[PDB]
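Only one chain is shown below, in structure tokens, and it's the form deposited in one PDB entry.
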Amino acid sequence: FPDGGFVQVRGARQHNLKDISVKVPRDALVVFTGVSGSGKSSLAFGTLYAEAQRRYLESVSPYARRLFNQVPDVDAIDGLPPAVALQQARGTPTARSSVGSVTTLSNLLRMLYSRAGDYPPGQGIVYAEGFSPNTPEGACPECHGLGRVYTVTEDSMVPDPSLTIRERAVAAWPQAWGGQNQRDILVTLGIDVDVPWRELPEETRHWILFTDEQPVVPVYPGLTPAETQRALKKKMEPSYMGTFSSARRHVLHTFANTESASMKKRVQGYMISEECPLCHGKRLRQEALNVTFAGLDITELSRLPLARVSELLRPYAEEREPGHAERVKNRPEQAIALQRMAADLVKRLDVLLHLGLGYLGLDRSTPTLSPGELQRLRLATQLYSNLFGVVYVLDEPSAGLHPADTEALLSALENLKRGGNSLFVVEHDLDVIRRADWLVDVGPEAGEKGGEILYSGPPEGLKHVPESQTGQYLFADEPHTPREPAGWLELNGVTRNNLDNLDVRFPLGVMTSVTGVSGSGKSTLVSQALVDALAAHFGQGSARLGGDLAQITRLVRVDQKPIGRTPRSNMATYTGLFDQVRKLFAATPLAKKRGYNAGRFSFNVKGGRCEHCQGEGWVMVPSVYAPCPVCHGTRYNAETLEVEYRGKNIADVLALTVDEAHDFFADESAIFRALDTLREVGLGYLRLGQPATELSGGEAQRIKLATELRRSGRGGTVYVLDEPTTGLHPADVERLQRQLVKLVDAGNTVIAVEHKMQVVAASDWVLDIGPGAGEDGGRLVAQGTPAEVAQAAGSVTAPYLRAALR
């Protein structure tokens, strides 16, 4: 590290950051550490990314991104090169988009299916972006590339095919006159109403149901068919003149033109999700599906794992593909480019693969990727992206990563950097922290008591800081006797993805860690197959339950996913905490004296809230959340704020930290109660009205948990939860474990997917999955007490577990 090889930050203040300074070197693995909530993000993304983002955008687009003056709070940053963020900003959704498109590979075999690729006799050429499901030319024009449709069929419009038409055999039709009209139209149109439906010929039932036709026929109502037929022949004067409307035509048109509650509803009852009948779920025009390569259309290829895709092309790159012989001389132009295309396709593929992302299929949909999977995908994609001289900002690239592969990751970082780039990574993985060139560690604790720089330097240096929470877990190096299973629950013959008719069993009233290499199949076992089975069986693919079911009654399930989308929702809203605070306000002399309803203090309904914001407090103006205008951040009008409980109005308490709220609501029973369950979950740092789209999702998780951690009034529910270590510093996982240890004792089962061994080591039972990932996975390598799995042969995880028990 040469002097003036550094980035110089002075007076950073953003959020809890306590007006601090840091030098951190460019061209190095700088790892940003410290307790959750402490300040790492507000340093790494709040200041460095944010600032560097901005000085650049204003130079590139003096157009109007500069014009957009409404900055991070920071006096100075010297030596800051342009930045690239590999995890999108907190308050954003994820765009709807595929693995292959994130990684660009999708576009690149699109080019390939075009130049190369086997055109059938006599039909032209299909341009690159006509093999895409998201371009007008490429997508099949029915489903629009989605591959699904949402419509009508025989079985939905006739749930009981044995009725006569007169009997309303055609459930999807109108009720009073509407059904009458048509029913009558049919008899006039020489069709017998009075046989059961199933009795009727093909393209008749199909006509009756589907036809976009609408003949206009004389209708003689309440006459018998025999006579209706005769009086037609006499050309006798009708009673009116009817328009026929195919069952489908009603149903759809209705869905398209009503503002009616049970109307739409009852019509959606003749509507089921089923695969597009044009393209058969393969997402593209027949003209694009017509083209084939290694005997596949591109959809087919796209749904293979990257790992196989890397194999399928591999010959072509090396010119050793059976057929190549009778292809070089008889077609030059392409065979040179085809090689190159494949050659280059493999080259990239391979970097992905070396990150063991080999199991993802390129059509896989990024909303359904995890934080890690995705970040590591981005990390791979950048490794060939070709940027030089930038700082990549990373957010726990090790999320999900299993301790054996941490070396492949530690590698891709070394390679990015080795491309003349700089690396800012916030991390908690002691294995990642261990190998970084340079550490920087944040807060002592979180929030108000955080946001100071405890130490910026090489990581060994932390040795000399007694009071760096991460100083300990990193440096200063009671075991666990598994508890007796109170009974067993079986999830049998789960066939899905990876998994194939796998039978499996989890012990009740006790901890289960389901370990295994990343992609080995934890989540489709435990967060997919298991969770569904259990919620189908209770109130709320094609498995069966079995075993001691009567012994469990509920299923709380703890996403990483956010507590809500809009600033509408927020931490108070979500827990039930706000209803008790609105209740309290409506109870005051002042509210009682005025007309005021309970929840005139809702910023979510008309009345108490100011009209500009119609509630929110944050008016949206990358796409970023700059606060309100002319309520002035509050969310409420002048009166509703006039109501004060012990000197604090509604907005006054919403802008209140749980710690302060706990002080405050001291003799207010089920509030001071509810607050403890966040204070214990460790959230004492947060505003009650801090919107959902600002919390770390690690945070979000802590809340959903905060909920159940006192509802357990009768403990016999199952708690299944994906990555509980989500975004927790070591010190944090300890306080986590604590809270689970508790909620197991009140007789509760907790199946937890888990890559960190620390917490597995403490489990009561373990299940190792796969042996490796993808197709090399989906099998049960080992189960039993940690000590028992820790000595198992087959498993990849056993030595790290053994490591973590000694």
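All residue numbers refer to positions in the sequence shown, first residue = 1. Between two forms, the rigid core is the largest collection of C-alphas that superpose within 1.5 Å.
Unshown form deposited in another entry; subsequent notes refer to it.
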{"property": "Answer among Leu377, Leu683, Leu186, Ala533 for the CA shift between this form and the one not shown that reaches 2 Å or more, rigid core superposed", "result": "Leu186"}
{"property": "C-alpha of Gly323 moved at least 2 Å between this form and the one not shown on rigid core", "result": "yes"}
{"property": "After fitting the core, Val390 CA displacement of 2 Å or more between this form and the one not shown", "result": "no"}
{"property": "Large Cα shift (2 Å or above) at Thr292 between this form and the one not shown, core-fitted", "result": "yes"}
{"property": "Shift in CA distance, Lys561 and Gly147, in the other entry relative to the form shown here, given it is 3 Å or more", "result": "farther"}
